[PDB]
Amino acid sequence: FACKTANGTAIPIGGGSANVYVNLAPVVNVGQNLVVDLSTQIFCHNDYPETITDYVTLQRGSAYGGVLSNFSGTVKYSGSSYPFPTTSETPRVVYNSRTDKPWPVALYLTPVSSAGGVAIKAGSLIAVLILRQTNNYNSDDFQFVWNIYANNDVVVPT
């Protein structure tokens, strides 16, 4: 079981860390949502599906930088909503193909009422998401750490 981004950045068997750069929407007004859709960007396969089934959760997600300072939000995992920052581990997604499948994670962020001007600086860390991978085979308990970076600024006008 290994993951790669669209960019090419990989985390191999046994897990690891990666830096992921997302284009964000340049402008977001108060009570509009900012979406960080990582299901278009992070992908994962099972390396031996014939006899092994991989089980993947969002263990932990935390907010940094502009998102920590001037956005409240939720995370969507596999079609359900959870608080962000995350208060618990989610239900598991099954991976049983050698073909890449999205990691089904998106953030729904909305500016707090304080927020104005540049509220996310380009190049800044905005989140760290921990994919936890297990299987029906042995004790493997691997962390795939995704460190999410803004490619661009985000302005909250008013």
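Numbers follow the displayed sequence, beginning with 1.
Student: So 36-44 or 108-116, which one's hotter by mean CA B-factor in the entry?
Tutor: Stretch with the higher mean C-alpha B-factor: 108-116.
Student: Name the higher of the two by mean Cα B-factor in the PDB entry, 99-107 versus 26-34.
Tutor: Comparing averages over the C-alpha atoms only gives 26-34.
Student: Can you tell me which of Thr9, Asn147, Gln143, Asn135 has the highest Cα temperature factor in the record?
Tutor: The C-alpha B-factor peaks, among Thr9, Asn147, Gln143, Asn135, at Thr9.
Student: What third of its chain, lowest, middle or highest, does the C-alpha temperature factor of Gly66 fall into?
Tutor: Ranked within chain, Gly66 CA B lands in the lowest tercile.
Student: Quick check on the deposited entry: does the C-alpha B-factor of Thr53 sit in the lowest, middle or highest third of its chain?
Tutor: Highest third - that is where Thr53 ends up once the chain's C-alpha B-factors are sorted.
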